[PDB]
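S.K.: need coordinates for the following:
(one chain, ligands or ions: 1)
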Amino acid sequence: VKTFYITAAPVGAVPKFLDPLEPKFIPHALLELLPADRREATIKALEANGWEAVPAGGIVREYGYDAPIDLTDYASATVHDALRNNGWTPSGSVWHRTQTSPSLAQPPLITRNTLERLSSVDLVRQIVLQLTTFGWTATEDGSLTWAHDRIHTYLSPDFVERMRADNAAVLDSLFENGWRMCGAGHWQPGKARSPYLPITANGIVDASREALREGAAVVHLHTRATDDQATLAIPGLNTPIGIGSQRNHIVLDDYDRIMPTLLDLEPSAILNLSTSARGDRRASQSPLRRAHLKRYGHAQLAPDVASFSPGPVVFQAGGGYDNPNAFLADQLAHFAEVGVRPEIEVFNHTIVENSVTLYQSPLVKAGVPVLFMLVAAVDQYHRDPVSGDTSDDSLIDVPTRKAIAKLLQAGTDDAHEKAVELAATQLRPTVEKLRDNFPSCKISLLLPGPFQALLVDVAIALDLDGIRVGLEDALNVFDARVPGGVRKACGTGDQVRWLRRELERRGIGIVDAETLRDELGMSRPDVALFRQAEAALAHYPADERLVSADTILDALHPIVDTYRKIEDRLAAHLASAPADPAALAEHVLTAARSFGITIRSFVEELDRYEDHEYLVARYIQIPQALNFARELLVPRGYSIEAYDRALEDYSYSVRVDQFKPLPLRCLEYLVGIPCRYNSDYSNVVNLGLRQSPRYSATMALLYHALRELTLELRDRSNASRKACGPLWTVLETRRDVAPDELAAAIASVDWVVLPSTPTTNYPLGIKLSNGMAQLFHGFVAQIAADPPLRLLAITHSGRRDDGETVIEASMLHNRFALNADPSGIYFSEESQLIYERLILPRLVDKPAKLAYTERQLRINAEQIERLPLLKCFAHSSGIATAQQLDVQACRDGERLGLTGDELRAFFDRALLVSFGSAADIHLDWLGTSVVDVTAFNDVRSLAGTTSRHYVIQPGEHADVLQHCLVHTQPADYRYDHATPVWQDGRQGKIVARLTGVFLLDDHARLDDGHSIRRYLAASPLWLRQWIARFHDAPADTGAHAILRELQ
Ligand SMILES: [Mg+2]
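M.R.: Numbers count the residues shown, from 1 in each chain. Pasting the structure now:
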């Protein structure tokens, strides 16, 4: 019931990046070899960058960092011996190392057992912390290992002495593994440094991505200047030492790269940019502190949140920045004009004071709820403007912080609670004071370094709204597998994972970015626009009989206008001259996706093409993108001369008469907003829209108008005329016959294949209907040869009573309208033609009279159990068509009178296996039991459903997905990890819902997730076992079959 929202802070201002592949020790002989001035400059540059002078007595494990030393570039008696002592040999003016160290043929490893031999738990930690700082990584075993082809790890004499004293055998182990003693010189302890800290645009983007997929909802960003970036060239070393301030600074070119990238890959993520002037107090009133707060990308979106501190920030550790009132006034003014919400970084008590009094009104006016960030356990000063004397203005006073730090080191549970009580008692006045003066506000907590052990407990005690972690606050992460229980954090995502799993222990949930935007009142434009349509149609019934497309289009009028303005911006961008091959489509596609417009791949898109009979429907992607551009540029007056280059392809040109009107393109956009892909098909966004009460009804109304306008366009084309009524087809061993009036086909056949959306009664539809059928029979037939197969394929009616053509939109409206049906009463004419000739005979007694349109015109309760098991496959719209068969069965069953309980026995004689259910499964309805296999990236099925079981959240399933995105090859992929969830309906219906299912495409991505082929291809062996058991079965019941499968 209790939830937090996690803020991730990847960059920060203080910690620095330290390259693992840099030398960590420089022998004095190598520096002393330099000329006096160069030696002096080099040393002071090293010491400025964390390098500490150190005597002999330390050990090193080095390989691959040697380089020749030509003295002509600059001998000495004191040096000469030191060089030869360190394994160097002269050759005139040239020195080189003949001394050899053990290669890295097999990775150096310090076992957990070796570490545990040490008595001091304190010593072990610092050893683990030092090596992990150098790039060493902990294993699942709990050991430390080095994976790179070079190595240069050094430990100080202090380490060696304490190691020797605690246990000399451990130290000897290093000696037998290639470590060796060192002379005097300089080394890099890497204090306040990490090999995982991101200071480049690409690094920051990656770090943010990692944190977000682990559960973070907000990303707090910094940037680092590189204006003093330099490298030191040390003699005898083939790798230079990176020096630089890595100063905290607002870099506009970095954000120009970071922000659009994050908007593309992480659309729902709440971006929080730092406005801090820490590291440059003299620029406290610079307009640069808001220069990065603008509209980014083609979507012209701004950062959602920016840092804001009502008062000076003065660190006791040194540094800080001032926030003058005129400046802060300009900030808030700019924040408002751009659409940015301030987050109050509460550093001091003076910040609190200024927040609940003078800035109280302006902060509320800036937007509600007001966001607060409690910078706890960070020592602060207040400076008397007259005397200059400093007082302790920290949220947690320095005496109490020092106290808490001691109890943390005690490690006992008793000192922990006393530490929590100390932190909570100190912070509670500030929390209460903020909430008493701000009726609508959110408050988050951060803790630096060691205090992070209190982060969860203190946040719970104060009933806070959010918790912040990241490399900005701490560079370590708690790991119980590691000796000492602590190691270097492999990025912010590592720490976010720790926090999430920590909260999961206590039964505390987390809030994803998409959900938090609703709470904070900062939802995305496209999400808002869809909800705008939902509201505009809220008072209209989902029944196609009770509302017209004209009325629906009339209600969406202002939204069509809103969409048009978006389309203008896409058109103008395309008219900004490019490309010559058919790869121009890639330009259009990328342009479309960045503006939020998804050029969907329609199977029936050929109906708009005049020469459709002379075209190959395999290469329909490149031309549809070309015509799309033409479709947008022509009505406005732009030149499409660059296009129609489809002439250099193999007309694919779409006639102007078949161009989609403005409202038609608008409807296509709206229905494409829920369950979107990100820019590179790594994730699915806008998932929350499905949980709306009016979602299905809205989608039903949309596809209604989408149908009416598409059919209108189809009637003016040479689109293949469709036929009335369904087509029945049997597949043996594949064989293919087309029965017309034979119920004998049903009895002879193992499985029935229910029709999909594009499988209608017309040349292309029949080809597709045959295809899916064949795919299904190769599938079950392949299972037969494992620890006379006949298949029945059903094709939908192509034309209804009034001569109206049956298209995709027709099936989808039927799909969504069925979702919005509370009672089991809705079905279509297409479902009727299939039902009465397939299911109805099972209800009555012996053959009846059927009309010319193949439509129709008792009980035998003892023979209800005698009915054969009807095993059916379903894909896409299949589960919708199937449940409509159940409805009609209940209506005829009630007309005949089957006492309901016997109706249950009827449905026990049927069985359903659905792959990619694109419609909701009404659990409480009377109907056929279903095994549901739906993929997470099956966005088409996702958009058609409302079940939460299809949505993957940070957990084990999310881990497998992220693993398969990089290491796993597509053809090998099988969703073994899928977890079946069992459900029992009010009226006996049983549903086996698989969770964690996803489908890899050819690029190991999440696109093309509606492929029935991939659904069957990537099918796990244990799932085949289920289907095998279904096939090899006597006259057993459905309920009995799957109840046994639960074990
Ligand atoms: Mg910050």
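S.K.: surely residue 634 is in contact with residue 659?
M.R.: Yes. Counting by Cβ atoms under 8 Å, residue 634 does reach residue 659; the two are 7.0 Å apart. For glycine as for every other residue, the C-beta is placed from the backbone atoms N, C-alpha and C.
S.K.: any idea how far stretch 326-334 is from the chain center?
M.R.: 35 Å (Cα atoms, centre = their mean, to the nearest Å).
S.K.: over to stretch 554-573?
M.R.: Counting by Cα atoms, centre = their mean, stretch 554-573 comes out at 29 Å from the chain centroid.
S.K.: same deal with stretch 596-607?
M.R.: With Cα atoms, centre = their mean, you get 25 Å for stretch 596-607.
S.K.: and the nearest residue to residue 522 once chain neighbours are set aside, how far from residue 338?
M.R.: In space, and not counting its chain neighbours, residue 522 is closest to residue 304: 5.1 Å by Cβ to Cβ, 6 or more residues apart in numbering. Computed with Cβ to Cβ, to the nearest Å, the distance linking residue 304 and residue 338 is 10 Å.
S.K.: ditto for residue 463
M.R.: 32 Å.
S.K.: the more surrounded of the two?
M.R.: residue 338 (14 against 11; other Cβ atoms under 10 Å).
S.K.: wait, doesn't the residue nearest to residue 522 sit right on residue 341?
M.R.: Yes. Assessed by Cβ under 8 Å, residue 304 is found in contact with residue 341 at 6.3 Å.
S.K.: any shared contact partners between these two?
M.R.: Jointly contacting residue 304 and residue 341 under the rule Cβ atoms under 8 Å, 6 or more residues apart in numbering are 520, 522.
S.K.: return the alpha-carbon coordinates of the helix or strand hosting residue 1042 using CSV.
M.R.: According to DSSP states H and E, residue 1042 maps onto helix 1038-1045. The C-alpha trace of helix 1038-1045 is given here as CSV (Å, rounded to 0.1, in the frame of the first residue of the first chain):
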residue,chain,number,x,y,z
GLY,A,1038,-11.0,-29.4,-20.3
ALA,A,1039,-11.1,-28.5,-16.6
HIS,A,1040,-9.5,-31.8,-15.7
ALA,A,1041,-6.8,-31.5,-18.4
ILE,A,1042,-5.3,-28.1,-17.3
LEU,A,1043,-5.9,-28.7,-13.6
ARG,A,1044,-3.5,-31.6,-14.0
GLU,A,1045,-1.2,-29.4,-15.9
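S.K.: off-centre distance for the helix or strand containing residue 1023?
M.R.: Assigned by DSSP H and E, residue 1023 belongs to helix 1021-1031. The chain centroid and the centroid of helix 1021-1031 are separated by 32 Å, computed with Cα atoms, centre = their mean.
S.K.: dihedrals phi and psi, the closest residue to residue 241 other than its chain neighbours?
M.R.: Distance criterion Cβ to Cβ, 6+ apart; nearest residue to residue 241, sequence neighbours excluded, is residue 232 at 4.2 Å. Torsion angles at residue 232 (phi, psi; degrees, to the nearest 10) stand at phi -100, psi 130.
S.K.: before we move on, what about residue 531?
M.R.: The phi/psi pair for residue 531 (degrees, to the nearest 10) is phi -70, psi -20.
S.K.: residue contacts, it?
M.R.: Taking Cβ under 8 Å, 6+ apart as the test, what residue 531 contacts is 523, 689, 692.
S.K.: and the gap between the first one and residue 541?
M.R.: I take that to be residue 523. Taking Cβ to Cβ as the measure, residue 523 falls 27 Å from residue 541.
S.K.: sorry, back to before: who wins for neighbours among the contacts of residue 531?
M.R.: residue 689 (21 neighbours).
S.K.: surely it forms part of a helix?
M.R.: Yes. Counting by DSSP: H, G, I helix; E, B strand; the rest coil, residue 689 is part of a helix.
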